[PDB]
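There is one chain below, alone, in structure tokens, taken in the form deposited in one PDB entry.
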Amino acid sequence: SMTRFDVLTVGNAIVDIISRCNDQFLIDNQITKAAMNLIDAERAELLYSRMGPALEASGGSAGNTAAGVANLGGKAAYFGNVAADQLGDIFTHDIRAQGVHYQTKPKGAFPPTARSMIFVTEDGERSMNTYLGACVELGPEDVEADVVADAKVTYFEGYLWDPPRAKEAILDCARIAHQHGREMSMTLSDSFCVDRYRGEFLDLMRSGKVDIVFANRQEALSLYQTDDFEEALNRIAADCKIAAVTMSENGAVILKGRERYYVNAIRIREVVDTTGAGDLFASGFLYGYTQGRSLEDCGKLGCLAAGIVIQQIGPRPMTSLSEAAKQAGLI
């Protein structure tokens, strides 16, 4: 039985810089609402100069997912590259403090640690503006082969296709994982990210490099360039062994071959900030999965964690997910 890690995640190591804004701010600054907008250093300086007083919190989609698995009680690890600077030190502290194995060594102080200016509108939607900085350095040299070998599931971001060499690391992970009888998982990350890497993502799924795919409605529609969600569901199920597809307030559906398991979203008092919802859905699902739970229960765990994170500021729940899971009888 004894495997060192339940879930290894791999992603862009990012610190979030968070501010609430009005709707007009997104229009004036040509920020695509609800999306991840890549920006260069000049634009990062420009947007920051226009941003209100902010809060900082460790982010990165996969980073959040790893933290969420640890909070739930699972054994997690993380690969992601920061710089040797104060933001890097924050990132390192926060993920390690949650009890995630994190050992990726910074390569120097420049480029500096990635940051994402995240603007949260009154509806709770989040629009991210990301300077990748030190994330561009993540490569095959950062694969801790023993960790991939000893993790039940290695999960990675579609976002990793933006930096130049991260994809090589992921192909190395896929090889090591499958050689050791483990599983690979990916998230489609963002609908524009899917627009950029559609062919490569489909090839990952169809070649069997990815066993479990996470998508939201928008990403699924984008993957097949369709407006027909039923078509998207049918096609994604044909392309990967297990698909977990989130539908915001309408919950989730888990697909396996011809099987579909629908799960309801939880009751929200108020949607504060949706940042991290998809990441924490993956935390809940992968925690359940690596505990041998039913696909329906994995979905329920995902929706529980996602529901909690959207009721706070910050992409990583500050409360105990394991305690919430116990109260909810998901255990």
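For every residue, the number given is its place in the sequence shown, counted from 1.
In what follows, reference is made to the form deposited with a small molecule bound, a form of this protein that is not presented.
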Would you please decide whether residue 28 lies within 4.5 angstroms of the small molecule in the bound PDB entry, comparing each non-hydrogen atom pair? no
Looking at the partner-bound form in the bound PDB entry, is residue 182 within 4.5 Å of the small molecule by any heavy atom? no
Considering only heavy atoms, tell me if residue 295 and the small molecule come within 4.5 Å of each other in the bound PDB entry. no
So, in the bound PDB entry, is residue 131 in contact with the small molecule at a 4.5 angstroms heavy atom limit? yes
Listed residue that, although the small molecule is not shown, lies within 4.5 Å of it in the bound PDB entry (heavy atoms), from 101, 152, 115, 167: 115
Is the small molecule in the bound PDB entry close enough to 240, 242 and 261 that every residue in that trio has a heavy atom within 4.5 angstroms of it? no
